[PDB]
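The chain below stands alone and is given in structure tokens; this is the form deposited in one PDB entry.
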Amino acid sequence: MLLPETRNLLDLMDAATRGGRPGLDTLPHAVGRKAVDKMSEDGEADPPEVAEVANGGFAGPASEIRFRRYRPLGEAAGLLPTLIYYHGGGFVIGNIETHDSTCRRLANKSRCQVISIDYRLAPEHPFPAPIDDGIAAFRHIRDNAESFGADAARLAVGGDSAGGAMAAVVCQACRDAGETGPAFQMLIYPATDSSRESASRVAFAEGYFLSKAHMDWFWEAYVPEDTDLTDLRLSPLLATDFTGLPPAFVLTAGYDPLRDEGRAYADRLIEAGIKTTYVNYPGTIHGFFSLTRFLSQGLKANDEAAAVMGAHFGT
């Protein structure tokens, strides 16, 4: 079943609930964001040193998109293979700060540059604003690669949860528009299907950090009521054609409601003849990739994602 480290964390969370700490799904979105963002920052392992961290912004579709560039230790080349990273948080919470230690570790272990994107969040900017920012961040960095110290031939996208969905959708959007898309996609327990409930979405509705109530709280902020749940920006698993999508790494957690649709996305990539790495981390929960203060499996997952991307890019 669950690893000891995982049970330890679920026990702490259960102790906070009995200790009267409110459910996330009972608060206003902006209030929940402030509280959970601090816990996410605190829940990361200590930030490793990198060669260089850069902060800036560029003109997005409807706002300034902030970015943070992480230059890996021991790499001297001007133009580096580069991962454009989209943080998770149901398109409502998270930011560059909540995923900073993780991006630092990914940069160092991959010997690739990481560029973390601060995309617009719901409920202030509902669907499709977050994905529009994700797409615009990829296009801007692609077209201005030298500005970002990026090798345009080795531009990856990736993220965790909503960020994973974003990375999958960025690849499909570029493919569908007939433009140059990412060289690589790193999908960490992505949400790939909003149209159906998989066996895993039912089985893990409760008891496993990310609960159905949490997904509904995110959903009510992000998605207008009238929206077709088969829209490929909500449900990229439903794409008719997976050919011409870039080589992928797809990671699931065993006790994650998103596991089945994560693995189905990998299956569609494999059947389409896309170079695809699929890994399942049994005995851990959704979020473990960034909860690395509590879950050592997350540091292992960080290193596996980094190592596979690094190997694809010949770093």
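By rigid core we mean the largest C-alpha set that fits within 1.5 Å across both forms. Residue indices: 1-based, along the sequence shown.
Same protein, other form: the form deposited in another entry, not shown, and the subject of what follows.
Only one of 73, 223, 205, 79 has its C-alpha shifted by 2 Å or more between this form and the one not shown once the core is superposed, and that residue is 205. The rigid-core alignment places the CA of residue 109 less than 2 Å apart between this form and the one not shown. In the core-superposed comparison between this form and the one not shown, residue 214 has its Cα shifted by at least 2 Å.
Panel note: the distance between the CA atoms of residue 305 and residue 209 is larger in the other entry than in this form, the difference being 3 Å or more.
Compared with the form shown here, the Cα atoms of residue 201 and residue 209 move at least 3 Å closer together in the other entry.
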